[PDB]
Amino acid sequence: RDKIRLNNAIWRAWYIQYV
Amino acid sequence: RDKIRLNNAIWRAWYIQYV
Amino acid sequence: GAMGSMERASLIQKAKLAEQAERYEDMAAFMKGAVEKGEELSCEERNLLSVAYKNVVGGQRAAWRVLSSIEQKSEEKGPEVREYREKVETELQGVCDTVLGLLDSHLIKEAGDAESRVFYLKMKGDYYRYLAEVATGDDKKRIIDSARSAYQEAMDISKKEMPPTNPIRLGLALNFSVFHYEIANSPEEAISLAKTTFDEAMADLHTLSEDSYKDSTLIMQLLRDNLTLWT
Amino acid sequence: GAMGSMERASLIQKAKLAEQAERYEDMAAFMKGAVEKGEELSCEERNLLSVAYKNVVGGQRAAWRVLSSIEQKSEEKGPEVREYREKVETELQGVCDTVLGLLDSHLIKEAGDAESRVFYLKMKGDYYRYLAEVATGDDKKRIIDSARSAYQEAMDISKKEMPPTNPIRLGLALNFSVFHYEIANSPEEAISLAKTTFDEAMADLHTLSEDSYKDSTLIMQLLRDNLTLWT
Ligand SMILES: O=C(COc1ccccc1P(=O)(O)O)NCCc1ccccc1
Ligand SMILES: O=C(COc1ccccc1P(=O)(O)O)NCCc1ccccc1
Ligand SMILES: [Mg+2]
Ligand SMILES: [Mg+2]
Ligand SMILES: [Mg+2]
Ligand SMILES: [Mg+2]
Ligand SMILES: [Mg+2]
Ligand SMILES: [Mg+2]
């Protein structure tokens, strides 16, 4: 579960950082 | 370096375990 | 199609082998072959279809993101970064169009149970969402509305026909909330959806077995993680 | 070839972009295009060629290993596990043959400096080694001897022309020791080679700059790790 949550967070954070 | 060493060890160990 | 000569059962078997080998392109080609046999897909088979294409397009998206950022950063670069980004983009669009084609021929048409119909409409929303990420302008607007329409139909069915903890219902809400935040410029809708979905699922956990509980709480955790990021 | 219309410099540029995107199949196709321009490869370009194909064939080998084990474990399975393992095997053989073809047309022929000639002969040994892993019987013997011959020529040059810490020399010795252990049924040779290589490199570290030291000690660590596993 930790890995699934980590992978999701990376993908979602990219959008935020892209702006 | 740790990652490179870890990846190498996995590949080499497979052969040993295969026999 | 090149899988036309292979038995349906053999295609499904090989899709599972490809999954174990993390050969997702092969997995997707096997599942495309299976869909093209014309019969409905079982729950397990629907999941194989989704896992295959989600992983293929995931790789393409990740590469596109790497290249897009390099592109935006460009000393005169020549046309190469753009060209290669466009190559990946075109390949990504091709995979999305393939998936959309399978869902339109004729998976959605023949899906009458909520579990299948919601699943396929969620997929339709997802692959339009991926097309939207690389789209520009007026084409983007139509693609975005196609995604929205598919997700919305799936949402309406899921609310009528599935309990609030149903993992398909939960994953649909998760993805539609991502659509709102990342595609539709609607962060408040995204947050509202994720919160209401989380809270209504929480209140239905009591009905669940140990195994079902674990499945539901995983998606709930993803809703909460997204909410934490977005707020 | 499909890269025939693209500038050599553009191919190299795109190979680097593909590397950043972990698009190794693309990277390999770009580098194949570059080799087919007919000019020698610089040190950086040789490394791009190797990184691309090592990663492509690495994925194929990993998948083959997953499937081979499933195959050996098989209740009557039908022909599917064998078929799919054979599909991956054939694709792997195809990539090895492509690499071997590039080295034979005409990279090795034109490589006169030790750094290039040793590099390419090591590659030749490596891709014959990968072919050997999936080979059976008499075909295996010839493939194994092809690997051995290439590694041996590379070894002879490296000992004459390069210091014992040269990373190309060290990586060649590492891989040839793996060949001895895994392919040639010669574990004592493997151990002897790894040990002598390690010890002769240790005694030459004093000559090295900080940066060169780091490069050399990395491969030394891999020799030592292998020795620990094998002893
Ligand atoms: O981990 C991600 C990040 O995002 C993606 C990464 C690769 C491909 C697609 C997507 P997405 O469609 O943009 O979410 N998502 C999946 C989240 C999830 C996990 C388990 C169960 C249900 C959902
Ligand atoms: O990490 C592995 C394991 O094995 C492989 C995995 C994938 C592809 C090929 C091989 P290999 O040719 O069988 O060693 N090897 C490379 C070791 C190395 C690292 C840095 C510098 C020099 C050598
Ligand atoms: Mg039949
Ligand atoms: Mg385009
Ligand atoms: Mg509402
Ligand atoms: Mg030119
Ligand atoms: Mg064969
Ligand atoms: Mg000796």
# chains A, B, ... in the order shown; residues from 1 in each chain; ligands from 1

call {"tool": "calpha_fit_and_write", "arguments": {"fixed": "chain C", "moving": "chain D", "output": "compact mmCIF listing (two decimals) with C-alpha atoms, in the first residue's frame"}}
result
# COMPACT_ATOMS: atom_id res chain seq x y z
CA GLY D 1 -5.55 -8.35 -36.21
CA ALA D 2 -2.40 -10.36 -35.53
CA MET D 3 -4.08 -12.09 -32.55
CA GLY D 4 -6.96 -13.26 -34.75
CA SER D 5 -5.63 -16.81 -34.95
CA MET D 6 -5.08 -17.27 -31.22
CA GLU D 7 -7.69 -18.78 -28.92
CA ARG D 8 -9.40 -16.35 -26.56
CA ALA D 9 -8.38 -18.45 -23.53
CA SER D 10 -4.76 -18.50 -24.75
CA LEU D 11 -4.76 -14.72 -25.10
CA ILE D 12 -6.02 -14.29 -21.52
CA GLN D 13 -3.45 -16.81 -20.25
CA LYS D 14 -0.67 -14.95 -22.05
CA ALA D 15 -1.91 -11.59 -20.78
CA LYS D 16 -1.43 -12.93 -17.24
CA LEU D 17 2.07 -14.21 -18.14
CA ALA D 18 2.94 -10.82 -19.64
CA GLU D 19 1.69 -9.11 -16.47
CA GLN D 20 3.99 -11.32 -14.35
CA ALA D 21 6.88 -10.44 -16.68
CA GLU D 22 5.97 -6.71 -16.61
CA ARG D 23 5.68 -6.89 -20.42
CA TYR D 24 2.81 -4.43 -20.59
CA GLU D 25 2.91 -3.78 -24.34
CA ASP D 26 2.49 -7.52 -24.90
CA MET D 27 -0.18 -7.67 -22.21
CA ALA D 28 -2.14 -4.92 -23.98
CA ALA D 29 -1.82 -6.60 -27.39
CA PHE D 30 -3.10 -9.89 -25.91
CA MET D 31 -6.05 -8.16 -24.22
CA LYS D 32 -6.86 -6.22 -27.42
CA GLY D 33 -6.92 -9.59 -29.19
CA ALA D 34 -9.25 -10.93 -26.48
CA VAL D 35 -11.64 -7.98 -26.74
CA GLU D 36 -11.70 -8.40 -30.53
CA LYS D 37 -13.11 -11.92 -30.13
CA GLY D 38 -16.40 -10.08 -29.60
CA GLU D 39 -17.46 -11.60 -26.28
CA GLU D 40 -18.02 -9.71 -23.05
CA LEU D 41 -15.19 -9.57 -20.53
CA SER D 42 -15.42 -10.99 -17.03
CA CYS D 43 -14.39 -8.95 -13.99
CA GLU D 44 -10.90 -10.43 -13.97
CA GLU D 45 -10.52 -9.83 -17.72
CA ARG D 46 -11.68 -6.23 -17.45
CA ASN D 47 -8.99 -5.69 -14.83
CA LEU D 48 -6.34 -7.24 -17.11
CA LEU D 49 -7.40 -4.87 -19.91
CA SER D 50 -7.12 -1.86 -17.62
CA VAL D 51 -3.81 -2.88 -16.01
CA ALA D 52 -2.26 -3.42 -19.45
CA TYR D 53 -3.19 -0.11 -21.02
CA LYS D 54 -2.80 1.94 -17.84
CA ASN D 55 0.82 0.77 -17.63
CA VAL D 56 1.50 1.35 -21.34
CA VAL D 57 0.06 4.87 -21.32
CA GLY D 58 1.65 5.52 -17.90
CA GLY D 59 5.08 4.96 -19.44
CA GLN D 60 4.22 7.22 -22.37
CA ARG D 61 2.93 9.98 -20.09
CA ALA D 62 6.02 9.78 -17.91
CA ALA D 63 8.28 10.11 -20.95
CA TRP D 64 6.16 12.95 -22.35
CA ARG D 65 6.50 14.78 -19.03
CA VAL D 66 10.29 14.44 -19.08
CA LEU D 67 10.47 15.72 -22.67
CA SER D 68 7.86 18.48 -22.27
CA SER D 69 9.84 19.98 -19.41
CA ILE D 70 13.07 19.87 -21.42
CA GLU D 71 11.17 21.49 -24.32
CA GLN D 72 9.83 24.31 -22.17
CA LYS D 73 13.33 24.90 -20.77
CA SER D 74 14.75 25.50 -24.27
CA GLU D 75 20.38 28.32 -26.30
CA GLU D 76 18.74 27.47 -29.65
CA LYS D 77 17.88 23.79 -29.53
CA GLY D 78 17.13 22.99 -33.17
CA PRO D 79 13.84 21.09 -33.82
CA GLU D 80 14.85 17.83 -32.14
CA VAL D 81 13.36 18.18 -28.67
CA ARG D 82 10.02 19.21 -30.18
CA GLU D 83 10.20 16.42 -32.76
CA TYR D 84 10.90 13.72 -30.20
CA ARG D 85 8.25 15.07 -27.83
CA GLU D 86 5.83 14.99 -30.76
CA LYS D 87 6.84 11.40 -31.55
CA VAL D 88 6.01 10.28 -28.01
CA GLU D 89 2.83 12.38 -28.04
CA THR D 90 1.66 10.75 -31.28
CA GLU D 91 2.35 7.28 -29.89
CA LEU D 92 0.46 8.15 -26.70
CA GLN D 93 -2.50 9.44 -28.74
CA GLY D 94 -2.40 6.21 -30.73
CA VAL D 95 -2.68 4.06 -27.62
CA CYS D 96 -5.52 6.19 -26.21
CA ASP D 97 -7.36 5.97 -29.53
CA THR D 98 -6.89 2.18 -29.54
CA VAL D 99 -8.39 1.86 -26.03
CA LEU D 100 -11.23 4.24 -26.89
CA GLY D 101 -11.86 2.16 -30.00
CA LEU D 102 -12.14 -1.06 -28.00
CA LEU D 103 -14.53 0.57 -25.55
CA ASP D 104 -16.61 1.81 -28.49
CA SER D 105 -16.44 -1.54 -30.32
CA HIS D 106 -18.36 -2.84 -28.49
CA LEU D 107 -17.56 -3.08 -24.80
CA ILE D 108 -19.67 -0.18 -23.57
CA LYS D 109 -22.58 -1.05 -25.85
CA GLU D 110 -22.87 -4.54 -24.44
CA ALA D 111 -22.18 -3.66 -20.77
CA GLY D 112 -25.46 -3.79 -18.85
CA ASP D 113 -24.38 -4.60 -15.30
CA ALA D 114 -23.25 -1.65 -13.22
CA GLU D 115 -19.85 -3.20 -12.42
CA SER D 116 -18.97 -3.45 -16.12
CA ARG D 117 -20.67 -0.33 -17.43
CA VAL D 118 -19.17 1.92 -14.75
CA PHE D 119 -15.75 0.30 -15.27
CA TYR D 120 -15.73 0.93 -19.01
CA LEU D 121 -17.07 4.49 -18.74
CA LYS D 122 -14.38 5.29 -16.16
CA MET D 123 -11.81 3.96 -18.66
CA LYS D 124 -13.36 6.13 -21.37
CA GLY D 125 -13.03 9.18 -19.09
CA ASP D 126 -9.44 8.22 -18.26
CA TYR D 127 -8.20 7.86 -21.82
CA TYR D 128 -9.89 11.12 -22.86
CA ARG D 129 -8.17 12.66 -19.81
CA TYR D 130 -4.80 11.44 -21.07
CA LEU D 131 -5.57 12.86 -24.52
CA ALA D 132 -6.50 16.12 -22.80
CA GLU D 133 -3.14 16.40 -21.02
CA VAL D 134 -1.33 16.73 -24.37
CA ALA D 135 -4.05 18.65 -26.24
CA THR D 136 -4.18 22.35 -27.05
CA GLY D 137 -6.95 24.89 -27.67
CA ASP D 138 -10.33 23.98 -29.23
CA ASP D 139 -9.49 20.32 -29.74
CA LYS D 140 -8.74 20.33 -26.01
CA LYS D 141 -12.24 21.62 -25.18
CA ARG D 142 -13.99 18.82 -27.03
CA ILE D 143 -11.69 16.18 -25.55
CA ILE D 144 -12.25 17.57 -22.05
CA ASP D 145 -16.01 17.45 -22.57
CA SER D 146 -15.76 13.86 -23.80
CA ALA D 147 -13.90 12.93 -20.63
CA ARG D 148 -16.39 14.78 -18.43
CA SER D 149 -19.38 13.17 -20.14
CA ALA D 150 -18.02 9.66 -19.69
CA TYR D 151 -17.08 10.19 -16.05
CA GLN D 152 -20.44 11.81 -15.35
CA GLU D 153 -22.42 8.91 -16.81
CA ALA D 154 -20.29 6.51 -14.79
CA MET D 155 -20.86 8.60 -11.65
CA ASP D 156 -24.63 8.66 -12.13
CA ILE D 157 -24.78 4.85 -12.50
CA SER D 158 -22.37 4.22 -9.62
CA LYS D 159 -24.42 6.35 -7.23
CA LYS D 160 -27.63 4.55 -8.18
CA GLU D 161 -26.36 0.98 -8.30
CA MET D 162 -23.28 0.57 -6.04
CA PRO D 163 -22.62 1.05 -2.31
CA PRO D 164 -20.35 3.99 -1.40
CA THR D 165 -17.49 1.62 -0.59
CA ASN D 166 -17.55 -0.26 -3.92
CA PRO D 167 -13.91 -0.07 -5.16
CA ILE D 168 -15.00 0.61 -8.74
CA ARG D 169 -17.20 3.46 -7.53
CA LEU D 170 -14.34 4.75 -5.35
CA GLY D 171 -11.71 4.60 -8.10
CA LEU D 172 -14.09 6.37 -10.47
CA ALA D 173 -14.58 9.19 -7.93
CA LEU D 174 -10.81 9.39 -7.36
CA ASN D 175 -10.12 9.73 -11.08
CA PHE D 176 -12.97 12.17 -11.73
CA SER D 177 -11.64 14.31 -8.87
CA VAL D 178 -8.21 14.25 -10.55
CA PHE D 179 -9.93 15.26 -13.81
CA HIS D 180 -11.49 18.23 -12.02
CA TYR D 181 -8.19 19.31 -10.45
CA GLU D 182 -5.76 18.71 -13.31
CA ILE D 183 -7.85 19.01 -16.50
CA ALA D 184 -10.98 21.05 -15.85
CA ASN D 185 -9.45 23.91 -13.81
CA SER D 186 -11.97 23.07 -11.06
CA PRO D 187 -9.94 22.49 -7.85
CA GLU D 188 -12.92 23.19 -5.58
CA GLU D 189 -14.99 20.55 -7.38
CA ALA D 190 -12.07 18.15 -7.09
CA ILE D 191 -11.75 18.73 -3.34
CA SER D 192 -15.52 18.58 -2.77
CA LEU D 193 -15.83 15.32 -4.65
CA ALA D 194 -12.87 13.69 -2.91
CA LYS D 195 -14.17 14.74 0.55
CA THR D 196 -17.79 13.66 0.00
CA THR D 197 -16.59 10.36 -1.49
CA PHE D 198 -14.28 9.74 1.48
CA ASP D 199 -16.93 10.58 4.07
CA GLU D 200 -19.69 8.48 2.47
CA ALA D 201 -17.30 5.55 2.16
CA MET D 202 -16.22 5.87 5.81
CA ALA D 203 -19.85 5.56 6.91
CA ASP D 204 -20.29 2.31 4.91
CA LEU D 205 -17.12 0.50 6.04
CA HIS D 206 -19.08 -1.20 8.86
CA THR D 207 -20.87 -3.37 6.29
CA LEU D 208 -17.68 -4.87 4.92
CA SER D 209 -15.72 -8.06 5.43
CA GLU D 210 -12.00 -7.89 6.29
CA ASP D 211 -10.99 -8.33 2.64
CA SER D 212 -13.50 -5.83 1.24
CA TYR D 213 -12.50 -3.39 3.96
CA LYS D 214 -8.86 -3.53 2.85
CA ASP D 215 -9.82 -2.90 -0.80
CA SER D 216 -12.04 0.08 0.04
CA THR D 217 -9.68 1.72 2.55
CA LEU D 218 -6.84 1.68 0.01
CA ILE D 219 -8.75 3.94 -2.36
CA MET D 220 -9.94 6.04 0.58
CA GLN D 221 -6.30 6.56 1.52
CA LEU D 222 -5.58 7.78 -2.02
CA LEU D 223 -8.49 10.23 -1.81
CA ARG D 224 -7.12 11.50 1.50
CA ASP D 225 -3.57 11.76 0.15
CA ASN D 226 -4.85 13.81 -2.80
CA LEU D 227 -6.85 16.02 -0.48
CA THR D 228 -3.76 16.63 1.66
CA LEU D 229 -1.80 17.62 -1.44
CA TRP D 230 -4.54 19.89 -2.75
CA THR D 231 -5.34 21.66 0.55

call {"tool": "interface_residues", "arguments": {"of": "chain B", "to": "chain D", "cutoff": "8 Å", "atoms": "only C-alpha atoms", "output": "JSON, numbers by chain"}}
result
{"B": [1, 5, 8, 9, 12, 13, 15]}

call {"tool": "atom_distance", "arguments": {"atom1": "CA of residue 3 in chain B", "atom2": "CA of residue 2 in chain A"}}
result
20.2 Å

call {"tool": "closest_atom_pairs", "arguments": {"of": "chain A", "to": "ligand 1", "cutoff": "6 Å", "atoms": "only C-alpha atoms and all ligand atoms", "output": "JSON lines"}}
result
{"residue": "A:4", "atom": "CA", "partner": "ligand 1", "partner_atom_place_in_ligand_line": "19 (C)", "distance": 5.9}
{"residue": "A:7", "atom": "CA", "partner": "ligand 1", "partner_atom_place_in_ligand_line": "1 (O)", "distance": 4.9}
{"residue": "A:8", "atom": "CA", "partner": "ligand 1", "partner_atom_place_in_ligand_line": "1 (O)", "distance": 3.3}
{"residue": "A:11", "atom": "CA", "partner": "ligand 1", "partner_atom_place_in_ligand_line": "3 (C)", "distance": 4.8}

call {"tool": "write_last_selection", "arguments": {"atoms": "N, CA and C atoms", "output": "PDB file, in the first residue's frame"}}
result
ATOM      1  N   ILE A   4       1.962   2.023  -3.475  1.00  0.00           N
ATOM      2  CA  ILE A   4       0.883   2.520  -4.312  1.00  0.00           C
ATOM      3  C   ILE A   4       0.647   3.996  -4.001  1.00  0.00           C
ATOM      4  N   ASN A   7       3.594   6.141  -5.321  1.00  0.00           N
ATOM      5  CA  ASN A   7       3.546   6.307  -6.766  1.00  0.00           C
ATOM      6  C   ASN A   7       2.466   7.328  -7.139  1.00  0.00           C
ATOM      7  N   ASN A   8       1.297   7.223  -6.504  1.00  0.00           N
ATOM      8  CA  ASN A   8       0.229   8.177  -6.771  1.00  0.00           C
ATOM      9  C   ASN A   8       0.644   9.613  -6.455  1.00  0.00           C
ATOM     10  N   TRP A  11       2.902  11.277  -9.071  1.00  0.00           N
ATOM     11  CA  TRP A  11       2.185  11.669 -10.271  1.00  0.00           C
ATOM     12  C   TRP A  11       1.361  12.926 -10.045  1.00  0.00           C
TER      13      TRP A  11
END
